[PDB]
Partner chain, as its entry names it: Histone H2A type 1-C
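A lone chain, given as structure tokens: the form solved without its partner chain.
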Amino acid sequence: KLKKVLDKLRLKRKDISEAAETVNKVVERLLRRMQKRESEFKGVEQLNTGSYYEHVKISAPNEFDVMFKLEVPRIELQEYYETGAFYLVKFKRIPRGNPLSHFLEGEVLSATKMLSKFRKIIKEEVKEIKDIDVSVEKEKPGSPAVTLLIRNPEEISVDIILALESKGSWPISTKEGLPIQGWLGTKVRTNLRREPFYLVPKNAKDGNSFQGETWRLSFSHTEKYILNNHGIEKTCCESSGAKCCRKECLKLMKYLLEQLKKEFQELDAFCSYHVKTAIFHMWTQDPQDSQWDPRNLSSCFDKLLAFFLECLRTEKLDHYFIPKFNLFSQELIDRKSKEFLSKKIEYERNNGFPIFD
């Protein structure tokens, strides 16, 4: 039953090929545009992130995330209040002549300025694209992404995400995050935390407005590693190892949410990342590959449903990397919203998930 739904969600190779060919042409052209002289973003490098590059994208290959990461040396971070995720950015000594001089605000590096110039450079390059149907989606507050809309003639979106790369140690609000010691282990955890961290220009929402200079922590690179290296046994899902159903559970939960979101706008505040975060905790909670045997698919899905409902009910979903940050706090999602999503989930759970059709 759940296998038959997975078959439907599975992407088709001809679709992948058609989408990939077009997406790669467009992105590689922006990247090189960004590589150009006079640009502030001259040293940006590409990093592919998100559902598609983690092999957890469902239904159609119609959404692509790409991080244009910029190695910015020597930055001091100041925690924006006690959020743990959001930050103001200063430089240690002024870099003499600085490519990012123009994005400054006294001593603070404005995310809004830097994104706006990034967006402007992308918009100008996209207008020059003639062989392909592409446009830049209207800017949306609360988004670090400059979003492309491609008609291939299939509708494809590409989120291009400016990121600052910092090679220093991770900010202390992450110090008790990534609790993978009993699962992927301490060598993996330590090694992952020796990798750079990223800031993306998603602004903290003060109240009714955004704080235009703030940045947000991104662990999209770390998450991608984990999705590809997700078992306690090194050979999980390898050619001389056992297949598990961890990713299949993520896809089923992703689908259940996306179906509910399509017809209920009371659910607009929720999104895939809530689901991904929840399954990260599941994987931590049940680290043994044996617990995610494909034959146990139904009960792993139901256990994930159960955990998620409990997160809704208690209004608490800890960010996996930043445990202070509650993705289900009253302040980000109203109680009523969470209670709405609960009853719909419970209903689909006690009725054999009719919405899967």
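Positions refer to the first chain, counted from 1.
This next part talks about the form deposited with its partner chain bound, which is not shown.
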Review point. In terms of non-hydrogen atoms within 4.5 angstroms, which of the given stretches 227 to 235, 242 to 250, 266 to 274, 94 to 102 touches its partner chain in the deposited complex?
Key: 94 to 102
Check your understanding: Considering its partner chain in the deposited complex, which of 151, 74, 123, 262 comes within 4.5 Å of it through any heavy atom?
Key -> 74
Point to revise | its partner chain: the contacting residue among 117, 281, 221, 193 in the deposited complex [heavy atom, 4.5 Å] | key: 193
Practice item. Evaluate residue 127 for contact with its partner chain in the deposited complex, applying a 4.5 angstroms cut-off between non-hydrogen atoms, and reply yes or no. Key: no
Exercise for review: Give a yes or no for residue 168: in the deposited complex, does one of its heavy atoms lie within 4.5 Å of a heavy atom belonging to its partner chain?
Suggested key: yes
